[PDB]
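Q: Hey, dropping entry_13.pdb in here, PDB, C-alpha atoms:
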```
ATOM      1  CA  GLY A   1     157.505 171.865 -51.950
ATOM      2  CA  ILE A   2     159.507 171.428 -48.720
ATOM      3  CA  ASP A   3     163.231 170.781 -48.024
ATOM      4  CA  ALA A   4     164.106 167.832 -45.770
ATOM      5  CA  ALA A   5     166.719 170.033 -44.089
ATOM      6  CA  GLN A   6     163.927 172.463 -43.157
ATOM      7  CA  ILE A   7     161.721 169.731 -41.663
ATOM      8  CA  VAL A   8     164.729 168.454 -39.627
ATOM      9  CA  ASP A   9     165.599 172.048 -38.525
ATOM     10  CA  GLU A  10     162.139 172.370 -36.979
ATOM     11  CA  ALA A  11     162.666 169.033 -35.199
ATOM     12  CA  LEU A  12     165.873 170.160 -33.496
ATOM     13  CA  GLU A  13     164.420 173.513 -32.361
ATOM     14  CA  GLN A  14     161.475 171.503 -30.936
ATOM     15  CA  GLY A  15     164.094 169.196 -29.289
ATOM     16  CA  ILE A  16     163.099 166.195 -31.474
ATOM     17  CA  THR A  17     165.863 164.268 -33.196
ATOM     18  CA  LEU A  18     164.865 162.688 -36.540
ATOM     19  CA  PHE A  19     166.958 161.521 -39.518
ATOM     20  CA  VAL A  20     167.192 158.634 -42.031
ATOM     21  CA  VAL A  21     168.376 155.307 -40.639
ATOM     22  CA  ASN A  22     168.044 151.965 -42.500
ATOM     23  CA  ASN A  23     166.162 153.728 -45.341
ATOM     24  CA  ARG A  24     163.407 154.965 -42.984
ATOM     25  CA  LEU A  25     162.689 158.177 -41.109
ATOM     26  CA  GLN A  26     162.520 157.862 -37.303
ATOM     27  CA  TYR A  27     162.297 160.363 -34.385
ATOM     28  CA  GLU A  28     163.347 160.305 -30.690
ATOM     29  CA  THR A  29     162.868 162.743 -27.770
ATOM     30  CA  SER A  30     161.883 162.558 -24.103
ATOM     31  CA  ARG A  31     160.151 165.928 -23.518
ATOM     32  CA  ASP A  32     156.318 166.222 -23.473
ATOM     33  CA  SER A  33     155.388 164.329 -26.684
ATOM     34  CA  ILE A  34     155.657 165.489 -30.359
ATOM     35  CA  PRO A  35     153.941 168.770 -31.437
ATOM     36  CA  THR A  36     151.305 167.873 -34.060
ATOM     37  CA  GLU A  37     152.487 170.950 -36.037
ATOM     38  CA  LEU A  38     155.589 169.207 -37.356
ATOM     39  CA  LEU A  39     154.247 165.663 -36.814
ATOM     40  CA  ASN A  40     151.241 166.259 -39.135
ATOM     41  CA  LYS A  41     153.654 167.317 -41.891
ATOM     42  CA  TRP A  42     156.216 164.591 -41.108
ATOM     43  CA  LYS A  43     153.881 161.710 -41.890
ATOM     44  CA  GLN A  44     152.556 163.662 -44.888
ATOM     45  CA  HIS A  45     156.097 164.363 -46.266
ATOM     46  CA  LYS A  46     157.749 161.137 -44.950
ATOM     47  CA  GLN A  47     158.960 160.226 -48.426
ATOM     48  CA  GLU A  48     160.346 163.763 -48.967
ATOM     49  CA  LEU A  49     162.697 163.328 -45.971
ATOM     50  CA  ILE A  50     163.677 159.740 -46.783
ATOM     51  CA  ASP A  51     164.413 160.844 -50.391
ATOM     52  CA  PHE A  52     166.546 163.903 -49.542
ATOM     53  CA  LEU A  53     168.092 162.649 -46.266
ATOM     54  CA  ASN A  54     169.016 159.338 -48.003
ATOM     55  CA  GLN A  55     171.086 161.394 -50.452
ATOM     56  CA  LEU A  56     172.626 163.487 -47.615
ATOM     57  CA  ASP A  57     173.863 160.321 -45.818
ATOM     58  CA  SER A  58     175.558 159.246 -49.106
ATOM     59  CA  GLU A  59     177.209 162.681 -49.594
ATOM     60  CA  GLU A  60     179.094 162.324 -46.273
ATOM     61  CA  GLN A  61     179.581 158.484 -46.554
ATOM     62  CA  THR A  62     180.016 158.701 -42.728
ATOM     63  CA  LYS A  63     178.467 160.201 -39.570
ATOM     64  CA  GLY A  64     174.756 160.982 -39.652
ATOM     65  CA  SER A  65     172.324 158.759 -37.740
ATOM     66  CA  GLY A  66     173.278 155.095 -37.269
ATOM     67  CA  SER A  67     172.697 153.814 -33.681
ATOM     68  CA  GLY A  68     169.665 151.815 -32.423
ATOM     69  CA  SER A  69     167.567 149.097 -34.120
ATOM     70  CA  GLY A  70     170.207 146.461 -33.008
ATOM     71  CA  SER A  71     167.593 143.793 -32.195
ATOM     72  CA  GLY A  72     164.247 143.387 -34.029
ATOM     73  CA  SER A  73     163.180 139.737 -33.914
ATOM     74  CA  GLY A  74     161.573 139.045 -30.483
ATOM     75  CA  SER A  75     158.498 138.108 -28.399
ATOM     76  CA  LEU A1545     157.065 138.844 -24.877
ATOM     77  CA  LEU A1546     159.661 136.399 -23.436
ATOM     78  CA  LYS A1547     162.078 139.405 -23.506
ATOM     79  CA  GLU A1548     159.779 141.261 -21.107
ATOM     80  CA  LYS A1549     158.976 138.139 -19.030
ATOM     81  CA  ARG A1550     162.748 137.590 -18.442
ATOM     82  CA  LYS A1551     163.449 141.180 -17.287
ATOM     83  CA  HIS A1552     160.264 140.963 -15.152
ATOM     84  CA  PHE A1553     161.906 138.029 -13.281
ATOM     85  CA  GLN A1554     165.234 139.867 -12.711
ATOM     86  CA  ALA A1555     166.163 143.477 -13.542
ATOM     87  CA  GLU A1556     167.392 146.799 -12.138
ATOM     88  CA  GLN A1557     166.749 150.520 -12.876
ATOM     89  CA  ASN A1558     163.973 152.176 -14.840
ATOM     90  CA  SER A1559     166.362 152.661 -17.835
ATOM     91  CA  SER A1560     164.997 155.732 -19.770
ATOM     92  CA  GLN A1561     161.323 155.531 -18.642
ATOM     93  CA  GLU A1562     159.867 158.502 -20.597
ATOM     94  CA  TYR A1563     161.463 158.307 -24.061
ATOM     95  CA  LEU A1564     158.821 158.393 -26.785
ATOM     96  CA  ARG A1565     159.899 157.500 -30.325
ATOM     97  CA  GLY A1566     158.285 156.719 -33.656
ATOM     98  CA  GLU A1567     158.761 156.215 -37.391
ATOM     99  CA  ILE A1568     157.470 158.873 -39.792
TER     100      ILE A1568
END
```
Using the file provided, produce a representation of the structure as structure tokens.

A:
Amino acid sequence: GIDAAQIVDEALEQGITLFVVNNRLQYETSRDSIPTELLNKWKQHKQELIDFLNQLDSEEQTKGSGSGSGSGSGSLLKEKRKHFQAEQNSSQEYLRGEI
């Protein structure tokens, strides 16, 4: 089939950072976008990564991915408030997704 470690290896060489977080696969990178080459396979083998990587996170019982996803519940009011008062562009080209 395919090894999760191999799919992740390809991500890092492409400059994309994906791993299992909260039982889901997610990617992050600000370069050009995501090359369909790996992306096409990622969605197609999403479960393969979540299944193997889930195990990998448990083998270490530490480290691995963890940050982000802090807030989730929300509405446009979040945007409307920063529209009223804010500063900086704060990472204006970061494209992310969930495999």

Q: If you measure from CA of residue 34 (chain A) to CA of residue 22 (chain A), what distance in Å do you get, rounded to one decimal?

A: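 Rounded to one decimal, the two atoms are 22.0 Å apart.
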
Q: What separation in Å, quoted to one decimal, exists between CA of residue 18 (chain A) and CA of residue 60 (chain A)?

A: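 The value is 17.2 Å.
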
Q: Could you tell me which of A:73, A:1547, A:42, A:32 comes closest to residue 8 (chain A) if we count all atoms listed in the file?

A: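 Closest to residue 8 (chain A) of all the choices is A:42.
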
Q: Using all atoms listed in the file, pick whichever of A:48, A:28, A:1548, A:37 has the shortest atom-to-atom distance to residue 2 (chain A).

A: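 For residue 2 (chain A), the nearest of the candidates is A:48.
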
Q: What is the distance, in Å and to one decimal place, between CA of residue 43 (chain A) and CA of residue 1568 (chain A)?

A: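 Value for the CA of residue 43 (chain A)-CA of residue 1568 (chain A) distance: 5.0 Å.
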
Q: Counting only C-alpha atoms, which of A:31, A:41, A:46, A:1551 gets nearest to residue 1565 (chain A)?

A: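 Of all the options, A:31 lies closest to residue 1565 (chain A).
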
Q: What would the list of residues within 12 Å of (166.0, 169.5, -38.2) (file frame) look like as an MDAnalysis selection string, if all atoms listed in the file are what count?

A: chainID A and resid 3:20 27 38 42 49 53

Q: Rank nothing, just name the residue among A:56, A:36, A:30, A:1567 nearest to residue 69 (chain A), using all atoms listed in the file.

A: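 That would be A:1567, the residue with the smallest distance to residue 69 (chain A).
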
Q: Enclose region 1549-1558 of chain A, meaning all of its atoms listed in the file, in a box aligned along x, y and z, pad it by 3 Å on each side, and list the centre and edge lengths in Å to one decimal, as lines of an AutoDock Vina configuration file.

A:
```
center_x = 163.2
center_y = 144.9
center_z = -15.6
size_x = 14.4
size_y = 20.6
size_z = 12.9
```
